[PDB]
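Q: One structure, pasted below without further comment.
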Amino acid sequence: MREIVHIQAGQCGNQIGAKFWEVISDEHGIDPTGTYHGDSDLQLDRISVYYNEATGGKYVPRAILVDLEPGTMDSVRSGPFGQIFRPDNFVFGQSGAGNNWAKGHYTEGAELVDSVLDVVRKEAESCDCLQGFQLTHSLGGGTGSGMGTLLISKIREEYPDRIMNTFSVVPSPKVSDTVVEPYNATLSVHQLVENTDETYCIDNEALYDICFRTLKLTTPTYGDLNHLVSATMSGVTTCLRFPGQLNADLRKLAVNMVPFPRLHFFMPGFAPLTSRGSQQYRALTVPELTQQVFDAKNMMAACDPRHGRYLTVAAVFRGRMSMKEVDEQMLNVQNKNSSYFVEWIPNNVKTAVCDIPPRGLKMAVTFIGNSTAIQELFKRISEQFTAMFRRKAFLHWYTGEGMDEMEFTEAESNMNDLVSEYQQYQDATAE
Amino acid sequence: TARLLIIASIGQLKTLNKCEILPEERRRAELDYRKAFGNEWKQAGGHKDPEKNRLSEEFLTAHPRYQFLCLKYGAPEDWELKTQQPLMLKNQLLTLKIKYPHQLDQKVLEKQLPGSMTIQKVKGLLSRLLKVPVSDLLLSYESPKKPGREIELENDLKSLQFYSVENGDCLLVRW
Amino acid sequence: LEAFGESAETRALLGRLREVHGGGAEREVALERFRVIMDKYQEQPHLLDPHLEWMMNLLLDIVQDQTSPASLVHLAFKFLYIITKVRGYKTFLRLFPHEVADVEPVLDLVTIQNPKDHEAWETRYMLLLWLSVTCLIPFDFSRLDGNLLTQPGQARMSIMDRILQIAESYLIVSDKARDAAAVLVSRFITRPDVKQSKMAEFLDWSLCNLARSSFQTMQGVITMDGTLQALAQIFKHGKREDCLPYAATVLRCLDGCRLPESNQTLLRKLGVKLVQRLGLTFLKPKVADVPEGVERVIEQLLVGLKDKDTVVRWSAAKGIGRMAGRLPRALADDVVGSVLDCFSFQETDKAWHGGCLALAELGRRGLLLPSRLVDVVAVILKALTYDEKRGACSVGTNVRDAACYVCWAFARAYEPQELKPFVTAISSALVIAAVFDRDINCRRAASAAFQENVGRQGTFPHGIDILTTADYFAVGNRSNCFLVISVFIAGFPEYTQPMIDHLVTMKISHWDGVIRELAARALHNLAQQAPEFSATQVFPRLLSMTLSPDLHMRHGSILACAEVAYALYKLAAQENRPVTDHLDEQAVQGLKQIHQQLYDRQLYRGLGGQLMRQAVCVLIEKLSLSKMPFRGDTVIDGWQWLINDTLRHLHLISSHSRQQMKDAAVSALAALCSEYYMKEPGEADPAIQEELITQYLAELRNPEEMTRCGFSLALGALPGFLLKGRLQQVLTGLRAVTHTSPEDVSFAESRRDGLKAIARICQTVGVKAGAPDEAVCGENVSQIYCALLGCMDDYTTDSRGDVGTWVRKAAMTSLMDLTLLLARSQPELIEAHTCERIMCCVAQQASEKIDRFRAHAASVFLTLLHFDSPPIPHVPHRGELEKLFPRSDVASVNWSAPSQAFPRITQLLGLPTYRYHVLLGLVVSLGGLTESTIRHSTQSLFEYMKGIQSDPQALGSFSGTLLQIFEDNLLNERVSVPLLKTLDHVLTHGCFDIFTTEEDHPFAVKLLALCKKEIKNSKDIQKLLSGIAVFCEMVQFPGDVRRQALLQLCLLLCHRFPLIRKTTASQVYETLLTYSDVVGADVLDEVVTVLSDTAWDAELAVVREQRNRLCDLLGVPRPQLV
Ligand SMILES: Nc1nc2c(ncn2[C@@H]2O[C@H](COP(=O)(O)OP(=O)(O)OP(=O)(O)O)[C@@H](O)[C@H]2O)c(=O)[nH]1
Ligand SMILES: [Mg+2]
């Protein structure tokens, strides 16, 4: 019984966490009342990984909400599934940070870190075997990313033998109109490269393009981006929430998908892509699903895996299919003399099989790739860092709080070194 | 491929060729047997309707363990018995219409482009046709599904399928 | 932010409500727009105070209209709620209406609310608070009802009755409406009529809720929290003579509820809150006969300070402070004594936070007596220095925060004469903490307390002087507080010895290495303000700490000793006196036993071995840079050894601290050789010069890589006087490693370090024209330049990636360090051919695809070109390069960004000498894999080709250079696919549109043959695709080349891989659709149908016929099996 303590910081992180919880509640079979009305034995086979055992068979999530203002904390408490969460799991302040990393990491963040670690320890003590920690947040805000990095560092210092997962979200100009989002994006990346094991990059530019073109939406909002993020998250943790022949361990999965301790960034994808309301279209075969999941269009990141090198790949299918079909497909794809040869799939994919598809779909597939193309994203924000740091724009907001230009130079050097290492390993021999 | 059938022909075969059989093995073998013999079940007079299921005798003698599986995991659907055909270039072409907002008096041109055709080749074709430089030809499209909403094709290394292009769209050329 | 500069936008957004309430996408957009506009003032919402009223009235004239639909009313209430979270309800509700005509319109709206509608929770929240702001009306609820017997058959229910039935229902909900129900009852039961009518009923309901509810059932916990909050609010905002009668039954029930043992943090906090609310109902409010329940309340509130959460500790401290302020002066002493018990030795650090909070709360009111000064103060001195390590984590932040809070509350707890006895121990504590504290919150917490103390009292030594400098913003950077403000504070005699003692005791023995280094660097400067005290008292102290069993303490003490020795040497160097004047024989005697006491305890093993080596190397460097008196003593022979061993065991050091270790060892060796290895002025020891050099040279051949890497930098750090007649050997030994041998294929770091070592050696010896084995002369200058250029073509590619690039970096910084030297001595040595080759190589390494090496190369090029003192001779097109890169524009250029580098590098093609190399370098970027780099390079290349496309001569020379580059890299896998992709792009763009006029051009006639020879017998899929694209783009050239390309395209259509077969046809279709003159209209409807119908991914034998049929249409001879 491996228990994973879930965490969600910032407005975007809290919203993504709530959406993912509400999505998996319908798959596991737990009504929002806090009881299980599911009719499948496989559902309760691994429910303890994300739910606690209370009196009367009531399942309580393991999430820990954290913020610096109360607005979003109040919206989730009154949401469709706002009763399952414990009232004492909501930690918040009043003033917020103000889209400032120094104010959300060193002042208010470090001020509420005590109350947050209180609940973190209270939750960790109620677990038979703790596996790791998960956090959902963004990188274009102050409170969110600041408190996320601070809590990650604290959990690493107090629990060095625990895995860390961060479903960080990369901002984009087409979604936000804030000028200091590059600075906060650079600092969080520097902190994560030092205190993280897994980082699922979820670009906010790829999701917007998908919602605008694929879904054919006139004016997409955060509701068309959060649904996709929650769907991808549910598709990623399909093995960690249900049985499976493949090894569904978090530590072993991270070890196999983290061959490099600085290139631990993973691009996640999922086909078929659906919107809100309309989700029951058709049932795609295994070949079509594999072709769509490995397509740059079904990628949550703005980078294309084809423009790089495949280091590690993890595929997870769910629906009504046998492992033999997936194995034959994956073996014929790499066969250069077959009639189904492609040029965007490596010669080793960790395939998985499941019998519990999501809601509104009969079959689904998820892919996670440690390709080097993600470096492109690291170069997209870096350029912006050069169009501000050189002019010292809005630097009095950071230096006035306590930060030094020595912290900015170190973060820039770390980002440059990461990009250089990625580009260097991209040119390695494929032996 | 034959082993899975053997386990599918016997119900209480817990061991075969000195190898234990698990529920995973039983389910894999039972899903393969249904995936392989679904097509024939339709032709033999099969239908999901519990009152319109009238199968012949030969199909029953050849598959006397196919009716129990029909109830164990339901009957095969129509979308599960269409995986025996390859693809052709004819099935990858997109019929689009070429328009010029600046010159409306021109006729409505129509072309057929592959699905994986990059924007670079389309720009080169348009330059060779209209005799316009490649750097002076901007590209957009409109779909009958999304009317009055123009999109931009600023990236040239991408393909038409990445931009969500489908049969029936219309391209607009400006210079 | 001075004012609200978004009034028009907010007004328009509010007005658009009446025509966006029927939309689902626009509604969310407007909501998200209203949220982001209002969140800008979350840190200072008071600036919005002048606007509140108008926006509130706008949202009110939409929810206060009878033609308003439910959906439109729900958006207005959502907006209203958005304005109450940012300003808060306590301040925003004072402007809401409160007229007697708003009592029934608001209660009737409260009676059409769906409790099961989770989407409309903001509506219910705004409803309850409005109903509560309407219970202030100074009239009886009876006067409003009028006559209840007007409806025969069914009498109407009273307004007060309806409100009691609204509050009881909303106080057991799971949404945020329950919190709005807590604010309603607080203004419903606390009035006269309701007090006499429904107080008993509500109390019975609450006592029933807390008599049946549990902390296990979810709804039970929901019932517990709401009831406790309601009771607390009633006892807070309720009269004391209407409440005291019920205080006896409420506490008796709370005691039986068992809250302390329950596993809920909110329930316990509310319980402590209700216990402190009942506690003050028994006493009389004071303005600065003890029932038995007060003792039980105190016993409960003194057990709420040892809680496991701070949210409950703060509430317990507030309750204790509020209770002590009401009790007589006698029980106050007992309460203080009982609270002081929290600071016992057996109590944990959590109990200390609550104790300090209670002490601060007591001092804020001025209840602590003078007799409690010798004790309480004695505890604070420790709470300010609380910083322990509990396993892998650290604790002591909240303790120091509470200590600073207590210190800030002592400026009003005692008179200036009452606290006059402890202004020497508390001023030293405040200052010391604000200066060395780790956390920034504590530092500014100590800064505010000191400011308040010097403002109210003003008896601290140099209060204004210390406050002006160490202000709120000055203590923001931790580095500034340790190396700058610390010296300013130590300038006075009242903050010198205490600060040094605190630094040497705790900070030196800290668990963090960065903190220890900062403390050592701070002591370095502090020793200047107190040399005698640091040489007679601190040095014995640190010397005894170097013999401690603790590893971190030993490292810190060694660093402190080294820094103090360096400071004493610097200070003595001013008066021109030896360093022995400060340190005594016993002090210099103990500085010669540190390393022999570490090596004899085997303290150089394990994880601490690297730290001990670093500390000892820093100490040796600081001692050698001071000219200590250890010459001739065997101790020197020890130090040297400890260096060599390090260079011999670098692979044992972790990968996160090997570079720093190597650098420190090299620096220590350099400082030692230029101090303890000199026989006479200008000469060196013959025995050591020989043995060290032979050992180092023989070590260079060790198969281990890290050893060679270390010994390279070691050779590159020796002084100049030790290489007066051994340069001809050291240079040869260094060049022997720079060569790539069959065994040293993946050995790149060794050569990277050898190049850097050759740079340093060449810089130290300088140039002397005539002396080969002493200095760089015209005899050993060519060999150096040849060895440096032979490492610029290091494109070694392994499973680690393109590691060779690293070596290339060492070739850009080395070649520079040499050139700049010659120009500053003998510019004649800089030959023309060598300079041209160096410039062309720098140009190629600055037109690469990697972004950090390309940026390094451009900077080196600019530095070599912007050299004017003197100007480097023999510079091809020097003026041209200078005009292309003016000094004014170089000040702001993003070379790392391809967009701000490729358009500036592509212009170099205009120069003939650069045209070739620059293109060979840009081909890798034009045919690499990075998408942004490919796009930028292609755009910059087309921007330059547009200027020479209509020129037969320039275009011809460009094509010739491209083909020469292709031929030179024939069969080269690192240049074949990229150059093929570049050619494909250039052909697709139509740059060579002039050569397509005639037939059989000398360009394509050989380009096609080269492509054929390149793709002859190739299995790579990418190479095959590139070749197919090139052969499908080359069709534009008429003549025999067109027919040969068509024959190749037919040959490739029938390949072993069906994928290639399909891609060839897919590309041939596009090629035919592009160029129409290639095939006539008489056989054009016969090719498209065959390509669309024929399945090129099926049987190859069947596709051979269709493919052969397409050879009889295109007119291509049909090949056969040879
Ligand atoms: N995809 C997505 N991005 C979001 C969402 N909410 C916010 N963002 C992005 O998050 C970034 C920062 O905003 P938040 O995360 O809400 O801010 P915060 O992290 O709470 O920080 P403070 O405002 O300083 O308190 C911006 O770039 C937004 O575009 C959301 O629901 N979905
Ligand atoms: Mg926020």
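Method on record in the header is electron microscopy, 2.2 Å.
Cβ coordinates are placed from backbone N, Cα and C, and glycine is handled just like the others.
Under the heading GTP binding site, Swiss-Prot lists A:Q11, A:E69, A:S138, A:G142, A:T143, A:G144, A:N204, A:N226, citing similarity to another entry as support. According to Swiss-Prot, the Mg(2+) binding site annotation covers A:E69, on the basis of similarity to another entry. The feature ubiquitin cross-link is assigned by Swiss-Prot to A:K58, A:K324. According to Swiss-Prot, the feature phosphoserine maps to A:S40, A:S172. Taken from Swiss-Prot, the feature phosphothreonine applies to A:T55, A:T285, A:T290. The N6-acetyllysine annotation in Swiss-Prot covers A:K58 and rests on similarity to another entry. The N6-succinyllysine annotation in Swiss-Prot covers A:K58. The annotation omega-N-methylarginine is assigned in Swiss-Prot to A:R318. Annotation source Swiss-Prot lists motif 'MREI motif' at A:1-4.
Situate these features within the shown structure.
A: For A:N204 (GTP binding site), the same-chain residues that are 6 or more apart in sequence and have a Cβ closer than 8 Å to its Cβ are A:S138, A:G140, A:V169, A:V170, A:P171, A:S172, A:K174, A:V175, A:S176, A:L225. Classification of A:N204 (GTP binding site) by DSSP places it in coil, neither helical nor stranded.
When other Cβ atoms within 10 Å of the Cβ of A:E69 (GTP binding site) are tallied across all protein chains shown, the result is 21.
Neighbour count (other Cβ atoms within 10 Å of the Cβ, all protein chains): 18 for A:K58 (ubiquitin cross-link).
The secondary structure of A:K324 (ubiquitin cross-link), as reduced to three states from DSSP, is helical.
The Cβ of A:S40 (phosphoserine) has 13 other Cβ atoms within 10 Å, all protein chains considered.
A:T55 (phosphothreonine) is surrounded by 10 other CB atoms, counting those within 10 A of its CB over all protein chains shown.
DSSP assigns A:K58 (ubiquitin cross-link) to coil, not to a helix or a strand.
In this structure, A:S172 (phosphoserine) belongs to neither helix nor strand by DSSP; it is coil.
A:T285 (phosphothreonine) carries neither a helix nor a strand DSSP state and counts as coil.
Take the CB of A:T290 (phosphothreonine) and look out to 10 A: across all protein chains shown you find 25 other CB atoms.
A C-beta separation below 8 Å, combined with a sequence spacing of at least six in one chain, links A:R318 (omega-N-methylarginine) to A:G235, A:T238, A:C354, A:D355, A:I356, A:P357, A:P358, A:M363, A:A364, A:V365, A:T366. DSSP gives A:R318 (omega-N-methylarginine) a strand state.
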Q: Per DSSP, how many helix, strand and coil residues does the motif 'MREI motif' (A:1-4) have?
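A: Residue counts in helix, strand and coil order: 0 helix, 3 strand, 1 coil.
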Q: Using the alpha carbons only, what distance in Å do you get between A:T143 (GTP binding site) and A:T55 (phosphothreonine) once rounded?
A: 36
Q: What kind of secondary structure is A:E69 (GTP binding site) part of, going by DSSP in three states?
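A: For A:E69 (GTP binding site) - judged by DSSP and reduced to three states - the answer is coil.
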Q: Quick one: which of the recorded positions (A:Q11, A:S138, A:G142, A:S172, A:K324) have their CB closer than 6 Å to ligand 2?
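A: Only A:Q11 meet the Cβ criterion.
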Q: Compare the C-alpha of A:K58 (ubiquitin cross-link) with the C-alpha of each of the recorded positions A:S40, A:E69, A:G144, and give the closest one.
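A: Closest by Cα distance to A:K58 (ubiquitin cross-link) among the recorded positions A:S40, A:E69, A:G144: A:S40.
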Q: For a quick check of packing: other C-beta atoms within 10 Å of the C-beta of A:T285 (phosphothreonine), how many?
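A: Result for A:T285 (phosphothreonine): 16 neighbouring Cβ atoms inside 10 Å.
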Q: With an 8 Å cut-off on Cβ-Cβ distance and a minimum sequence separation of at least 6, pull the same-chain contacts of A:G142 (GTP binding site), or say none.
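A: Correct list: A:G96, A:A97, A:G98, A:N99, A:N100, A:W101, A:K103, A:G104, A:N184.
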Q: Sub-8 Å Cβ contact with chain C: please pick out which of the recorded positions A:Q11, A:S40, A:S138, A:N226, A:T290, A:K324 have it.
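A: Cβ contacts with chain C under 8 Å: none.
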Q: If you run the three-state DSSP split on A:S138 (GTP binding site), which class comes out?
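A: Assignment for A:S138 (GTP binding site) reads strand.
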Q: Please check each of the recorded positions A:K58, A:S172, A:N204 and report the ones with a CB atom less than 6 Å from an atom of ligand 1, ordered along the sequence.
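A: Correct list: A:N204.
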Q: Would you pick out, from the recorded positions A:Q11, A:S138, A:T143, A:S172, A:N226, the residue whose Cβ has the largest number of other Cβ atoms within 10 Å?
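A: Output for this query is A:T143.
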Q: Closest of the recorded positions to A:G144 (GTP binding site), Cα to Cα, picking from A:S40, A:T55, A:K324?
A: A:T55
Q: Taking the residues A:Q11, A:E69, A:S138, A:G142, A:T143, A:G144, A:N204, A:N226, which the record names as binding GTP, find the longest CA to CA distance and state it in Å to the nearest whole number.
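A: Taking every pair of listed residues, the largest Cα separation comes to 23 Å.
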Q: Under 8 Å, Cβ to Cβ, against chain B: pull out the ones among the recorded positions A:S138, A:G144, A:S172, A:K324 that qualify, in sequence order.
A: A:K324
Q: Here's one to test understanding: among the binding-site residues A:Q11, A:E69, A:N226, whose C-alpha is closest in space to the C-alpha of A:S40 (phosphoserine)?
A: A:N226
Q: How many other Cβ atoms sit within 10 Å of the Cβ of A:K324 (ubiquitin cross-link)?
A: 16
